[PDB]
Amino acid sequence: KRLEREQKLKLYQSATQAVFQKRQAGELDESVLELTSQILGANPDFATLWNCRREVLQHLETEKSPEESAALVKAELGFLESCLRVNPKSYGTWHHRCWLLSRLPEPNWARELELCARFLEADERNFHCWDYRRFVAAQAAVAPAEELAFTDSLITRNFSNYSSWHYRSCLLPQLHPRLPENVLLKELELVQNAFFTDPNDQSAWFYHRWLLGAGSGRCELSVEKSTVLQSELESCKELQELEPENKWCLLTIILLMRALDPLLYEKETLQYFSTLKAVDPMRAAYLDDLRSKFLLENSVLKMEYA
């Protein structure tokens, strides 16, 4: 264990010396690609080497044939994918891939989207991959509606859903360029399926709080929305019975009451704050500040009384 790490070091060190020497001499050639491939595999965060690779590839593009240049690009794509398999969270590796694809004459974006789906199967929360997928989706011009379809499959097939809900929060406003009530209603139905499927999944509760803010306002509740929110309220109370340590459902009850009728539900709101603090005492200070805010809002409403 301890001895071969000294010999890895000595190799890394000698390879690094060698790269820098070559670079100073202006030797922008395949030997540099050879040497950096040895270092970047274990050490993809060594940024200056990704820069050396780009400098080599740029230079070679000038003095090699179209066919030779195309071969170097396909080799680069392979090298990048092997590097990502070892460390799929390196900023440098993902940026190099983007640099490389952005400068091709005819990139294969459909194959890059599949690469994304493959990495997201392995780690649904890898934000580097989601960001790359966005880049690719833009470059190709994949419509929001297809990306929406992607997200749904991801949310239902297993959990670790924060990143998929986040993407939905950005896609929905693009389909409808503050959401339309009909869209909002379908979204609420999808999310409350989630949080009833897995009540400990934080992600659906965070996204549901957003949805509760993203619509009309309480003085403008439609009958259908009013009815949906009351139904959610009752559903959260049943969950509270089944899961009395669940803090997300208690907070959400308080928020639903606010969305429905702050003054009519004032007593129950106050009771729920007490229960919630006892269930989530690390959030006591936040909860007290939220209750203070809500009480001021209620004073203002009582005083708007003609």
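Heads up: residue numbers just count along the shown sequence, starting at 1.
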{"property": "Unresolved deposited residues lying between neighbours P177 and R178", "result": "4 to 9"}
{"property": "Of 48 to 56 and 61 to 69, the one with larger mean CA B-factor", "result": "61 to 69"}
{"property": "Mean Cα B-factor comparison, 111 to 119 or 215 to 223, giving the higher one as deposited", "result": "215 to 223"}
{"property": "Candidate residues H95, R103, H166, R125, the one whose C-alpha B factor the record puts highest", "result": "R103"}
{"property": "Among modelled residues of the same chain, the CA temperature factor third for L154", "result": "highest"}
{"property": "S292 CA temperature factor, ranked by third within the chain", "result": "lowest"}
{"property": "Third of the chain, ranked by Cα B-factor, where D198 sits", "result": "highest"}
{"property": "Third assignment of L171 from its chain's C-alpha B-factors", "result": "lowest"}
{"property": "Position of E187 among the chain's modelled residues by C-alpha B-factor, lowest, middle or highest third", "result": "middle"}
